[PDB]
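A closer look at the structure
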Amino acid sequence: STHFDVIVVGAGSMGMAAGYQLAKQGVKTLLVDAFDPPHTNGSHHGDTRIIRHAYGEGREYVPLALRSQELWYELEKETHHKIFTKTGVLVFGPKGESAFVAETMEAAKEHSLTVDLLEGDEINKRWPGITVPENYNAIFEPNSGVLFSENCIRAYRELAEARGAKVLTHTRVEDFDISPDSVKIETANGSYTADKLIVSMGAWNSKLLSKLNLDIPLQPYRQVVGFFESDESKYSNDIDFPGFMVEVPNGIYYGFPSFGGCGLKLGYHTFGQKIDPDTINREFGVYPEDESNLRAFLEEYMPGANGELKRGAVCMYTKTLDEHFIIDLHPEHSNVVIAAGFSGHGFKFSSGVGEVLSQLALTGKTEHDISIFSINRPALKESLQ
Ligand SMILES: *Cc1cc2c(cc1C)nc1c(=O)[nH]c(=O)nc-1n2C[C@H](O)[C@H](O)[C@H](O)COP(=O)(O)OP(=O)(O)OC[C@H]1O[C@@H](n2cnc3c(N)ncnc32)[C@H](O)[C@@H]1O
Ligand SMILES: [Cl-]
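Residues numbered from 1 in each chain as written, not as in the entry; some residues may be left out. Chains lettered and ligands numbered in written order. Heavy atoms only, no water.

This entry, as listed in the PDB, derives from X-ray crystallography and reports a resolution of 1.75 Å.

In structure tokens, the structure reads:
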């Protein structure tokens, strides 16, 4: 009960998905987490997460986006927890002045994705509640939408445990001991060994990968989101208000329609405070920017959603220099798999990454093309310690 086929350190978004994929195949797995997933100390809380297919960060993410979407529909059918709502996703910005909008459109064209292209008042007409200038243009993806992130992790966990996966909670891994033919982790609750290791500690990857002789630039950011009292006749998912990710002059913002009257949810993507996951302040409102940055967007583009602040949440991104993920084998240990640096946009791919991680851990290879997430790519600035 202390040696396993595979050990996953960090059973959050990526780790729990990998655990489900491994258990599903009869592989004896141990998932270890410092807390009890899903929780509010990592990067997966706040209830909802956007999934987009036409991908503004890069058209090369489309295949993984589509596989992940199919896997989310499979999860929906396997659990009693709500997984996905097809709100559609709206992307807009000043015409010819948004690289994000442009790449989303190009990604759609290249993968033959279903989208609606509109501009100026056509946007305001279609979605009462949105007020953009006449020079703005947009691309709407009707078949993408919103995932209930905490539900996703809970379902994957329940399914994996039912299949035999063991989950050791409130147990912080403090060190690693890797050998040619096995792996070992040290915790205050005991040491555990296995044949393969998957490391997916989220924001903590920036602090602990050095324990694996890895020196990779990874910066954790404090990123808040606020839920606002809104005009339900305009912003409710029931009246088809969409999820959105947009780029305006001062940056990128993302939001969600109000679900069951929870209020419209908004986040500012471009800015966040550089922090350490062990000292970060998880209280919303301690920095003037928390609420002011959100209201400045709402007052200008979605005025009817600028009501009382119903709830605020504080979460973390873990950025790489090029803002692309790290999914690969440890350069010096083929029996160690690393999943890190999701840079604020990886939850939607967590179902697909779970699959990738499972394959890398069991075979050292994957049917997916993950070259752009290579741990040895130059733009990363990686090296040994
Ligand atoms: C924060 C945030 C992120 C975000 C977003 C909005 C906010 C405010 N909106 C998104 C969206 O609309 N669409 C999307 O695709 N992504 C969005 N994101 C990003 C996404 O949430 C993150 O990329 C994702 O959650 C990253 O997942 P990962 O699995 O890396 O991180 P985690 O879920 O935090 O899990 C890490 C786990 O590891 C554990 N841990 C940490 N250290 C240890 C040690 N030492 N020992 C054992 N376990 C450890 C944590 O407890 C955690 O469970
Ligand atoms: Cl992240």
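The rest of the description comes next.
1. So, the nonpolar core
Our working rule: Only buried residues count toward a nonpolar core. Its members are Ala, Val, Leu, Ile, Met, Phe, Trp, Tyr and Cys residues joined through side-chain atoms within 4.5 Å. Exposure categories follow from relative accessible area, calculated using a 1.4 Å probe and restricted to protein chains: below 20% of the type maximum is buried, above 50% is exposed, and the middle band is partly exposed. Going along the chain from the N terminus, every DSSP run of H or I of four or more residues is numbered as a helix, and every run of E of two or more is numbered as a strand. Where each domain begins and ends follows an automated or database-derived domain assignment. In what follows, residue pairs with any heavy atoms lying within 4.5 Å of each other are defined as contacts.
Counting residues in each nonpolar core, the largest one holds 69 residues, and the members touching the most others are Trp 72, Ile 198, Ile 327 and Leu 357. If one sorts the elements of this core by residue count, helix α1 (residues 13-23) sits on top with 7 residues. Two domains share this core, each providing at least three of its residues, namely domain 1 (1-59 + 149-212 + 326-385) and domain 2 (60-145 + 213-321). What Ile 198 contacts, discounting residues up to four positions off in sequence, is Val 6, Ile 7, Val 8, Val 9, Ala 18, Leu 22, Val 337, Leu 357 and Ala 361. Of all hydrophobic cores here, the second largest spans 61 residues; its members include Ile 185, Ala 194, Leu 212 and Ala 305.

2. Quick notes on the packing of aromatic side chains
We count it as follows: Stacked, tilted and edge-to-face are the three classes assigned to paired rings of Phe, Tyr and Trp, where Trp is represented by its six-membered ring and a pair needs centres within 6.5 Å; plane angles under 30 degrees give stacked, over 60 edge-to-face, the rest tilted. A positively charged side chain is recorded as over a ring if its NZ (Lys) or CZ (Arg) lies within 6 Å of the ring centre. The angle to the ring normal must also be within 35 degrees.
Taken as a whole and judged by the stated rule, the model has 25 aromatic pairs. On the numbers, 5.9 Å between centres and 35° between planes, the contact of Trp 72 with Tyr 156 is tilted. You can see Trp 72 sitting in helix α2 (residues 62-78) and its partner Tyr 156 sitting in helix α5 (residues 149-162), a full 84 residues away along the chain. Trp 72 sits in the buried class, given a relative accessible area of 0%. With a relative accessible area of 3%, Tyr 156 lands in the buried category. Each member of the aromatic cluster is reached from another via a ring pair, and the members are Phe 92, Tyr 136, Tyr 235, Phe 241, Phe 244, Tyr 253, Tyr 268, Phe 271, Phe 297 and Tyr 301. Between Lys 265 and the ring centre of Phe 256, over which it is positioned, the NZ or CZ distance is 4.3 Å.

3. Remarks on helix α3 (residues 99-111)
This is how the line gets drawn: Given the number of residues in a helix, its expected span is that number minus one, multiplied by 1.5 Å. To obtain the arc, one takes the directions from the helix axis to the C-beta atoms.
With 13 residues, α3 ought to run about 18 Å at 1.5 Å a step, and its terminal C-alpha atoms sit 18 Å apart, in line with that. Among the residues making up α3, those that are buried are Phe 100, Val 101, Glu 103, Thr 104, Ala 107 and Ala 108. The buried residues of α3 all sit within an arc of 170° when viewed along its axis, so they share a single face. Projecting away from the buried face of α3 at angles above 90 degrees are the exposed residues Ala 99 and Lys 109. Against the buried residues of α3 lie α2, β5 (89-94), β7 (136-141), β15 (243-248) and β16 (251-256). Looking at the residues trailing α3, positive phi occurs at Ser 112, about 55°.

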